[PDB]
Amino acid sequence: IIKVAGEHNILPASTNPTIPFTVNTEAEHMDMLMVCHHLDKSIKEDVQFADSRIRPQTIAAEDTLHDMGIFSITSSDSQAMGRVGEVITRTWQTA
Amino acid sequence: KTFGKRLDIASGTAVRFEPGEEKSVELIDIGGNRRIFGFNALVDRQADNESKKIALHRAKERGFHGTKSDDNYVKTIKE
Amino acid sequence: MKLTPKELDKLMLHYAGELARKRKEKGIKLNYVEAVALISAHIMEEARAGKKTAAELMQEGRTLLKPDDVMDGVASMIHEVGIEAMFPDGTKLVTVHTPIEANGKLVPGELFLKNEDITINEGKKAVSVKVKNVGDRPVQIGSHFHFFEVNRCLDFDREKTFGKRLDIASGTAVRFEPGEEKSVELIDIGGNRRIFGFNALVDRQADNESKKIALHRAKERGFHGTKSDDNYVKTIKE
Ligand SMILES: Cc1cc(C)cc(-n2ccnc2SCC(=O)NO)c1
Ligand code: NI
């Protein structure tokens with residue numbers, strides 16, 4: 001989905017729980033994904049679904065794309081995988 | 001090669017072609033938001049590589065000379 | 001009794017017929033109203049009796065009145081008499097056709113016509129086209145239908161019929177049985193020649209530019225006998 005941020009007619013935004021990229025980010029997001037979808041580690045299809053969702057490669061690319069001016073808006077996604085009191089703080093942490 | 005382009009001449013001037021005449025012209029990219037509406041209704045949307053295929057298919061069906069779009073064209077949901 | 005309004009109206013009709021029958025027994029020549037009432041009342045009683053069909057009553061109604069029983073002019077005024085009556089299988093309509101023959105010369109509302117013919121569609125030159133029905137169901141075409149847009153199972157040279165209609169009397173029609181082949185006469189549509197509807201093959205001004213679009217549309221929808229060339233060039237509004 002990240003490839004649409006290069007297009008002319010798209011105004012692209014990121015939400016704050018993935019910025020900035022830290023050493024606790026991937027494990028936290030994986031355990032959030034397992035709870036909300038009620039997945040089980042003993043099923044090979046839930047594991048295949050989860051490993052196609054989180055993707056630390058694109059998460060790592062997101063900060064650099066913010067620094068290049070390719071992403072243009074930051075936001076919260078409040079109480080739905082995001083923190084409503086931390087948009088400004090996480091923007092300046094990323095900078 | 002001319003999709004999304006205009007003549008590189010002074011603004012308000014023009015280039016004339018007599019019958020049978022052949023010459024070369026210079027073309028540069030259209031600026032701004034590059035939203036092309038009107039002119040023959042071959043685009044009527046944002047100019048990009050996705051809209052170029054639709055425009056080439058439309059130009060071939062209406063008989064514009066020199067347009068090359070391949071056979072077995074795949075339609076989209078909004079053309 | 002629980003009488004309905006229909007029952008009350010039919011009771012009145014029965015006694016009108018009875019008065020007509022009494023006047024006929026006294027030797028009085030019946031007028032228009034009396035003759036109609038007498039025939040209607042007789043049919044209703046015969047249907048109540050239950051021993052005859054409606055088709056037999058349609059013929060029995062023609063023997064009730066001789067030509068000498070009515071006044072001069074009555075027989076030319078009565079073309080048919082209709083009456084609904086309840087049989088053992090329910091209510092049916094019985095129509096009696098030409099119940100009385102005429103014997104005098106008085107014709108009320110008589111027409112005196114000239115003997116010259118009427119020329120319709122003057123100044124319109126006709127062309128002739130051969131048409132064949134290759135379908136399995138009958139087709140009938142009216143006088144002012146746009147003949148280019150008729151049923152796709154009719155096979156004919158459709159290019160020659162663009163902007164044309166049948167050259168017949170207004171309100172009449174031509175019938176094609178399955179497998180039937182015959183020729184028809186066609187003339188140009190008049191007025192502003194703006195054709196809207198009929199199969200939505202034109203929906204605009206009829207001219208040579210609109211004929212190419214109509215032929216392409218007719219070929220794509222499978223109308224028989226339409227010939228439009230390959231490598232068709234689209235316009236901006238089709
Ligand atoms: C990664 C994640 C985190 C959370 C809190 C919920 C979901 N989750 C569950 C079902 N559907 C979704 S994705 C919708 C969303 O979180 N914002 O639109 C996924
Ligand atoms: Ni959300």
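Whatever order the structure lists them in is the order used to number ligands and atoms, beginning at 1. Throughout, a chain's letter reflects where its sequence line sits, starting with A, and its residues are numbered from 1.
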**Student:** Of all the non-hydrogen atoms in the protein, which one sits nearest to atom 18 (O) of ligand 1, and at what distance?
**Tutor:**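 Here the nearest protein heavy atom works out to A:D77 OD2, 4.4 Å.
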
**Student:** For atom 16 (O) of ligand 1, what is the nearest protein heavy atom, given as residue, atom name and distance?
**Tutor:**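 It is A:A80 O, 3.7 Å.
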
**Student:** What residue and atom, counting heavy atoms only, is the protein's closest point to atom 11 (N) of ligand 1, and at what distance?
**Tutor:**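 Its nearest protein heavy-atom neighbour is A:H37 NE2, 3.8 Å.
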
**Student:** Could you tell me whether the side chains of A:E86 and A:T89 share a donor-acceptor contact shorter than 3.5 Å?
**Tutor:**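 No, no side-chain donor-acceptor contact under 3.5 Å.
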
**Student:** One residue to check: A:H29. Relative to ligand 1, which of side chain, backbone, both or neither has a non-hydrogen atom less than 4.0 Å away?
**Tutor:**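 Neither part.
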
**Student:** List the closest protein heavy-atom neighbour of atom 1 (C) of ligand 1: residue, atom name, distance to the nearest 0.1 Å.
**Tutor:**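 Residue, atom and distance for the closest contact: A:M81 SD, 3.7 Å.
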
**Student:** Please name the pair of heavy atoms, one in C:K24 and one in C:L64, separated by the smallest distance, quoted to 0.1 Å.
**Tutor:**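 The answer is CE-O, 4.5 Å.
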
**Student:** Below 4.0 Å, non-hydrogen atoms only: which portion of A:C36 touches ligand 1? Side chain, backbone, both or neither.
**Tutor:**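 It is the side chain that touches ligand 1; the backbone stays farther off.
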
**Student:** Heavy-atom distance from atom 13 (S) of ligand 1 to the protein below 4.0 Å?
**Tutor:**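 No, because not a single protein heavy atom sits under 4.0 Å from atom 13 (S) of ligand 1.
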
**Student:** Can you confirm whether more than 12 heavy atoms, excluding those of A:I88, are under 6.0 Å from its CD1 atom?
**Tutor:**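 No, CD1 of A:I88 has 12 or fewer neighbouring heavy atoms, counting only those of other groups under 6.0 Å.
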
**Student:** Above 12 or not: heavy atoms from other molecules or residues under 6.0 Å from NZ of B:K53?
**Tutor:**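 12 or below, so no.
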
**Student:** Would you name the heavy atoms of C:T226 and C:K219 that are closest together and state the gap between them?
**Tutor:**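 Taking C:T226 first and C:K219 second, the nearest heavy atoms are OG1-CA, 3.5 Å.
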
**Student:** I'd like to know whether CG of C:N192 has more than 12 heavy-atom contacts from other residues, nucleotides or ligands below 6.0 angstrom.
**Tutor:**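 Incorrect, the count does not exceed 12.
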
**Student:** Thinking salt bridges, do C:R21 and C:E18 make one under a 4.0 Å N-O criterion?
**Tutor:**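 Answer for the salt bridge query: yes.
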
**Student:** Quiz question for you: does at least one protein heavy atom lie closer than 4.0 Å to atom 7 (C) of ligand 1?
**Tutor:**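 Within 4.0 Å: yes, protein heavy atom nearby.
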
**Student:** So which of the N, O or S atoms of A:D77 lies nearest the Ni ion (ligand 2)?
**Tutor:**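 Checking each N, O and S atom of A:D77, the shortest distance to the Ni ion (ligand 2) belongs to OD1.
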
